[PDB]
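K.L.:
Here it is, the structure, as structure tokens.
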Amino acid sequence: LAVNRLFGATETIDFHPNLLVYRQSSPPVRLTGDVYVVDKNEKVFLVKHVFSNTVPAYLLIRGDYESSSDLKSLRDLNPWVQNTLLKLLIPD
Amino acid sequence: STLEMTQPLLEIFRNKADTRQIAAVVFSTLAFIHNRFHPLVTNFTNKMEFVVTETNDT
Amino acid sequence: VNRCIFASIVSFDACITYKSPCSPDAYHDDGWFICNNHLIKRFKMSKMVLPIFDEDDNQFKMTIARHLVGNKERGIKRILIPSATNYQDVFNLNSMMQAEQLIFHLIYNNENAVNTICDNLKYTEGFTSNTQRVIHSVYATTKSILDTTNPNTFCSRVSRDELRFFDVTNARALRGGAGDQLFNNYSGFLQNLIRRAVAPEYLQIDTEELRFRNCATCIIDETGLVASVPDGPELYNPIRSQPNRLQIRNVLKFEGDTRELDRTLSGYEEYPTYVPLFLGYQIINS
Amino acid sequence: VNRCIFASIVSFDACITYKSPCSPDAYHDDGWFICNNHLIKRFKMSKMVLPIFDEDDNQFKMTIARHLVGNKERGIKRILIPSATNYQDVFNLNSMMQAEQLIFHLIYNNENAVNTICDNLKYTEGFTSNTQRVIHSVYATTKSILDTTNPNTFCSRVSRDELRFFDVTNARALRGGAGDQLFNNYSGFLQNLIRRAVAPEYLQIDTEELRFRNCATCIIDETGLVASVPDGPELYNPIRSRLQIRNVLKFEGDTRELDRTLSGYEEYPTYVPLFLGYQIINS
Amino acid sequence: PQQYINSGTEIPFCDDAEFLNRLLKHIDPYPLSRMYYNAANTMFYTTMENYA
Ligand SMILES: [Zn+2]
Ligand SMILES: [Zn+2]
């Protein structure tokens with residue numbers, strides 16, 4: 383979620399790296415909108431999205447998923463999501 | 059060791075989502091064996107491919 | 015036999031790794047006296063033939079060049095061939111091999127060659143040693159080659175008539191242009207290189223003319239050949255065009277799908293997207 | 015693992031290969047970083063070891079170099095080392111390969127030429143190749159070698175008083191003196207190199223101040239160090255490996280079998296040492 | 259098929275001799291002679307465990 387806060391869940395799966403499918407995909411892939419390289423090395427990227435035209439959120443991806451040149455910088459984002467990423471990456 | 063062991067060997071097979079890494083390792087093994095039979099680093103019919111059977115019933 | 019100027023080139027060094035690329039050009043026979051490897055290395059150009067058309071099988075096709083300058087290149091970068099006044103700045107002389115520099119000096123026919131290098135070598139162990147022999151020997155071979163290229167005198171190879179022309183009409187028609195002055199200042203060797211490379215946009219047959227391009231490809235400056243045209247932006251430069265790897269392709273559902281967009285197009289002839297050097301004017305007479 | 019700076023040297027092309035490589039000591043740890051091969055090649059010196067009685071046959075030892083300059087040559091030909099003031103004048107850098115000239119510009123802090131040639135190379139194909147990272151690896155190596163504090167570790171120690179003066183002991187050898195002032199102004203890498211090379215005439219110890227040769231070998235020189243005997247004729251430096268005179272008006276010398284008679288007697292070696300000034304060491 | 263192989267000419271190798279020797283030394287102690295028979299027995303068991 384971009385901003386909103388979850389409610390009503392009763393159980394959670396802990397993150398594990400294996401969840402992040404590196405889709406081999408087609409050689410050419412074209413993408414649009416804001417893009418933030420999570421890791422060039424692991425081909426990880428984050429992209430803006432909204433559900434129902436009204437539900438701002440960010441989408442993780444891992445794979446070819448080539449895109450416009452207009453690489454955006456982590457600096458710009460909200461501390462909220464930034465903290466969220468900082469943990470969830472679990473570089474630890 | 060060159061092959062980007064992001065994981066311990068066993069983890070690879072404990073995963074089943076991948077086929078990529080598995081087929082790569084297998085092909086490399088076959089290459090090494092053939093090389094030990096043949097002191098001549100080489101390549102073959104340059105098309106080959108693989109399947110992971112995943113059921114006992116297969 | 016070898017005929018590339020650069021097959022002559024060897025120098026004293028610890029090196030036992032001389033990188034001489036000299037192509038089949040050396041044993042071909044067209045008086046370029048320079049292999050395409052160096053046409054590339056120093057001069058960023060490619061040798062071509064105009065298939066001069068004839069109804070007769072005697073097509074009598076003609077030598078040509080095309081340059082490789084990238085569209086993004088500017089100024090000196092677009093300068094193909096400097097004048098004596100500019101080459102020394104244009105090229106990283108000292109980075110270039112010593113004898114190569116000296117050879118360039120002599121091609122420019124500067125006394126400064128002997129003024130500087132022939133003295134400077136004195137201290138060197140190689141100057142002390144027999145290698146002086148080999149050095150001056152290759153020098154003398156080069157001098158001989160230059161004398162063979164020499165047109166200047168009747169007691170020389172070149173003689174009699176000339177009918178090529180340059181400095182062709184500018185669209186904005188700025189008066190004249192010293193291009194023949196530059197031509198004459200350039201060694202007849204360089205002039206022969208120009209003759210080898212530069213198509214005229216018109217050939218006047220004796221009593222007839224044919225024209226082959228709308229407009230000139232190249233332009234000339236007192237400082238050197240300019241890979242540029244009077245007008246607009248530079249044309250799009252035709253861009254320059262085994263171990264194990266991790267990236268191994270995924271399966272796809274074993275389909276070729278639409279061949280058409282490549283099939284019929286490849287059936288259609290694909291353009292020779294190159295930059296042939298047209299600059300100047302030619303005439304013929306009985 | 016290998017450390018010689020001249021083994022770190024690389025050539026931009028396969029030809030002009032940096033062959034005739036470092037002496038095998040490049041695998042050693044010495045703090046010269048020059049191999050002895052290169053030290054012979056460039057500056058007419060060869061390194062050496064003083065055996066010091068550790069109050070005993072016990073291990074105390076110090077490094078030395080002999081110079082390889084001859085007795086006849088003068089001025090520049092006697093020069094051992096330059097300053098940045100004159101390093102180009104000595105090296106004739108243009109004769110040298112571009113990375114060599116680069117590294118000299120490093121030692122002498124000619125950042126102007128360094129950045130100039132770097133910017134020129136940027137777009138060259140061979141510098142899009144990792145030659146940049148190679149050169150900056152050399153940079154990092156020097157950076158470590160001066161990460162040991164260039165002033166504090168080298169000389170501005172907290173045992174500060176354990177100082178070397180290279181000034182001439184002789185009060186009449188007055189061309190020295192401010193040479194020690196110059197020493198501070200030489201780059202610290204070179205200061206350390208000297209601190210290696212140069213034997214003191216004297217050392218203060220809490221045990222004793224002690225004296226090791228009667229008179230100094232050379233003097234500090236106003237651009238870089240030189241075969242610089244404080245006075246008199248240059249001492250005969252022999253040479254151990265063109266239509267000129269080579270007269271040697273030898274004594275007739277008919278006393279044959281000399282060596283077979285005398286060889287047991289001490290065959291005094293001759294190569295010039297490097298005594299200079301006063302070290303101080305606590306206890 | 260679950261994958262493609264590019265399947266062109268490819269072979270991997272490495273040459274860090276010192277590295278490899280470091281490996282060898284780390285490996286040195288093991289009485290593999292002993293240790294691998296049980297592995298072969300593992301494969302054996304699996305040969306019949308293959309089927310019930
Ligand atoms: Zn050639
Ligand atoms: Zn060395």
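Protein chains in written order, with UniProt numbering: chain A, 383 to 474; chain B, 59 to 116; chain C, 15 to 255, 262 to 306; chain D, 15 to 255, 265 to 306; chain E, 259 to 310.
C-beta: ideal position from N, C-alpha, C; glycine also.
From what residue to what residue does the beta strand (DSSP E) around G238 (chain C) run?
P.N.:
If you number the third sequence from 1, residue 238 (chain C) lands on position 224. 238 to 240 is the span of the beta strand (DSSP E), which, as asked, contains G238 (chain C).
K.L.:
Anything with a beta carbon under 5 Å from a heavy atom of ligand 2 counts; list them all in chain order.
P.N.:
Result (chain order): D:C18, D:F20, D:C36, D:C49, D:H52.
K.L.:
Answer yes or no: does any C-beta atom of chain C fall closer than 8 Å to that of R94 (chain B)?
P.N.:
Residue mapping note: residue 94 (chain B) aligns to position 36 of the second sequence, counting from 1. No, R94 (chain B) lies away from the interface with chain C (no Cβ there is under 8 Å from its Cβ).
K.L.:
Output needed for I303 (chain C): all residues of its chain with C-beta closer than 6 Å, excluding positions within five of it in sequence on either side, in chain order.
P.N.:
The residue labelled residue 303 (chain C) in the question sits at position 283 within the third sequence. So the list reads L177, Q218, once near-sequence residues are dropped.
K.L.:
Could you say which of C:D44, C:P165, C:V24, C:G238 lies nearest to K75 (chain C) if we only look at CA atoms?
P.N.:
For the purposes of this step, residue 75 (chain C) is identified with residue 61 of the third sequence, where counting begins at 1. Of C:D44, C:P165, C:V24, C:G238, the residue nearest in Cα terms is C:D44.
K.L.:
Between which residues of its own chain and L290 (chain E) is the CB-CB distance below 7 Å, once the five residues before and five after are set aside?
P.N.:
Here residue 290 (chain E) is taken as the residue at index 32 of the fifth sequence, counted from 1. Nothing listed; no residue qualifies.
K.L.:
With a threshold of 8 Å between beta-carbons, can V271 (chain C) be considered close to chain E, or not?
P.N.:
By one-based count along the third sequence, residue 271 (chain C) stands at place 251. Yes, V271 (chain C) lies at the interface with chain E (some Cβ there is under 8 Å from its Cβ).
K.L.:
Along chain C, in chain order, which residues have C-beta atoms closer than 7 Å to that of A28 (chain D)?
P.N.:
For this step, residue 28 (chain D) is matched to residue 14 along the fourth sequence. The answer, in chain order, is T31, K33.
K.L.:
Looking at ligand 1, does it come within less than 7 Å of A40 (chain C), judged from the CB to the closest heavy atom?
P.N.:
If you number the third sequence from 1, residue 40 (chain C) lands on position 26. Result yes, Cβ under 7 Å from ligand 1.
K.L.:
In whole angstroms, what is the alpha-carbon distance linking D458 (chain A) and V429 (chain A)?
P.N.:
Residue 458 (chain A) sits at position 76 when you count from the first residue of the first sequence. Residue 429 (chain A) sits at position 47 when you count from the first residue of the first sequence. Approximately 13 Å between the Cα atoms of the pair.
K.L.:
From this set, D:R174, D:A211, D:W46, D:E87, which residue's C-alpha is nearest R17 (chain D)'s C-alpha?
P.N.:
Stepping through the fourth sequence from its first residue, residue 17 (chain D) is reached at position 3. Cα-wise, what sits closest to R17 (chain D) is D:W46.
K.L.:
Assuming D452 (chain A) and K425 (chain A) make a contact with CB atoms under 8 Å, what is their CB distance in whole Å?
P.N.:
Numbered from 1 along the first sequence, position 70 holds the residue referred to as residue 452 (chain A). Numbered from 1 along the first sequence, position 43 holds the residue referred to as residue 425 (chain A). Not confirmed; about 18 Å, so no contact.
K.L.:
Does the region 184 to 194 of chain C come into contact with the region 265 to 280 of chain C, if we say contact requires no fewer than three beta-carbon pairs (one atom in each stretch) closer than 8 Å?
P.N.:
The answer is no - the region 265 to 280 of chain C does not touch the region 184 to 194 of chain C, with fewer than three Cβ pairs under 8 Å.
K.L.:
Residues bridged to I219 (chain C) by DSSP?
P.N.:
Here residue 219 (chain C) refers to the residue found at position 205 when the third sequence is read from its first residue. Answer is C:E222, bridged to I219 (chain C).
K.L.:
Shortest alpha-carbon distance to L160 (chain C) belongs to which of C:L120, C:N228, C:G140?
P.N.:
Indexing the third sequence from 1 puts residue 160 (chain C) at position 146. It is C:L120.
K.L.:
Quick one: give me the first and last residue of the beta strand (DSSP E) that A79 (chain C) is part of.
P.N.:
In the third sequence, counting from the first residue as 1, residue 79 (chain C) sits at position 65. Where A79 (chain C) is concerned, the enclosing beta strand (DSSP E) stretches over 76 to 81.
K.L.:
Could you check the C-alpha separation between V148 (chain D) and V24 (chain D) for me, to the nearest Å?
P.N.:
Here residue 148 (chain D) refers to the residue found at position 134 of the fourth sequence. Here residue 24 (chain D) refers to the residue found at position 10 of the fourth sequence. So the two alpha carbons sit approximately 8 Å from each other.
K.L.:
First and last residue of the beta strand (DSSP E) that includes residue 481 (chain A)?
P.N.:
Residue 481 (chain A) is absent from the model: chain A starts at 383 and stops at 474.
K.L.:
Kindly indicate if chain B contains any beta-carbon less than 8 Å away from that of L266 (chain C).
P.N.:
Sequence index remark: in the third sequence, residue 266 (chain C) carries index 246 (1-based). It does; some Cβ of chain B falls within 8 Å.
K.L.:
Would you identify the three-state DSSP class for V152 (chain C), choosing helix, strand or coil?
P.N.:
Start at 1 with the first residue of the third sequence, and residue 152 (chain C) comes out as number 138. If DSSP states are grouped into helix, strand and coil, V152 (chain C) belongs with the helices.
K.L.:
Using a Cβ-Cβ cut-off of less than 7 Å, give me the residues of the region 67 to 80 of chain B that come near chain E, in sequence order.
P.N.:
Hits within the stretch, in order: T77, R78.
K.L.:
Give the residues of chain E in contact with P263 (chain C), contact being defined as C-beta atoms less than 8 Å apart.
P.N.:
The count along the third sequence starts at 1 and reaches residue 263 (chain C) at position 243. Per Cβ cutoff of 8 Å: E268, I269, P270.
K.L.:
Give the interface partners of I285 (chain E) over in chain B, defined as CB-CB distance under 7 Å, in chain order.
P.N.:
Translated into the one-based positions of the fifth sequence, residue 285 (chain E) becomes position 27. Neighbours of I285 (chain E) on chain B: none; closest Cβ ~13 Å, over 7 Å.
K.L.:
Counting only beta-carbon separations shorter than 8 Å, does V420 (chain A) have a partner in chain B?
P.N.:
Locating residue 420 (chain A) in the first sequence gives position 38, counting from the first residue. For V420 (chain A), the answer is no, since every Cβ of chain B falls outside 8 Å of its Cβ.
K.L.:
From the beta carbon of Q205 (chain D), is the nearest beta carbon of chain C less than 8 Å away?
P.N.:
Stepping through the fourth sequence from its first residue, residue 205 (chain D) is reached at position 191. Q205 (chain D) does not count as touching chain C.
K.L.:
Output, in chain order, the set of chain D residues within a Cβ distance shorter than 7 Å of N108 (chain C).
P.N.:
The residue given as residue 108 (chain C) occupies position 94 in the third sequence. Near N108 (chain C) (Cβ distances below 7 Å), the residues of chain D are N108.
K.L.:
My assumption, with CB atoms under 8 Å, is that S173 (chain D) sits in contact with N51 (chain D). Please give the rounded CB distance.
P.N.:
The residue you call residue 173 (chain D) lines up with position 159 of the fourth sequence. The residue you call residue 51 (chain D) lines up with position 37 of the fourth sequence. That pair is no contact at about 35 Å.
K.L.:
Kindly confirm or deny that the region 284 to 298 of chain D and the region 71 to 78 of chain B touch, where touching means at least three C-beta pairs closer than 8 Å.
P.N.:
With a cut-off of 8 Å, the region 71 to 78 of chain B and the region 284 to 298 of chain D do not count as touching, because too few Cβ pairs lie within range.
K.L.:
Hey, could you find the ends of the beta strand (DSSP E) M62 (chain D) is sitting in?
P.N.:
Here residue 62 (chain D) is taken as the residue at index 48 of the fourth sequence, counted from 1. Element bounds for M62 (chain D): 59 to 67.
K.L.:
Please report the Cβ distance between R444 (chain A) and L402 (chain A), rounded to the nearest whole angstrom; I am assuming they are in contact, meaning their Cβ atoms lie under 8 Å.
P.N.:
In the first sequence, the residue the question calls residue 444 (chain A) occupies position 62. In the first sequence, the residue the question calls residue 402 (chain A) occupies position 20. Their Cβ separation, rounded to whole angstroms, is 5 Å, which keeps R444 (chain A) and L402 (chain A) in contact under 8 Å.
K.L.:
Can you tell me which of D:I19, D:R265, D:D71 puts its alpha carbon nearest to the alpha carbon of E139 (chain C)?
P.N.:
Numbered from its first residue, the third sequence carries residue 139 (chain C) at position 125. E139 (chain C) has its Cα closest to that of D:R265, out of D:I19, D:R265, D:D71.
K.L.:
Quick test of the definition: if touching needs 3 or more C-beta pairs under 8 Å, does the region 85 to 102 of chain B touch the region 93 to 111 of chain C?
P.N.:
No, because fewer than three Cβ pairs between the region 85 to 102 of chain B and the region 93 to 111 of chain C fall closer than 8 Å, the two stretches do not touch.
K.L.:
Any idea if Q73 (chain D) is buried or exposed, counting beta-carbon neighbours within 10 angstroms, 16 or more meaning buried?
P.N.:
As a position in the fourth sequence, residue 73 (chain D) is number 59, starting the count at 1. So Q73 (chain D) counts as exposed.
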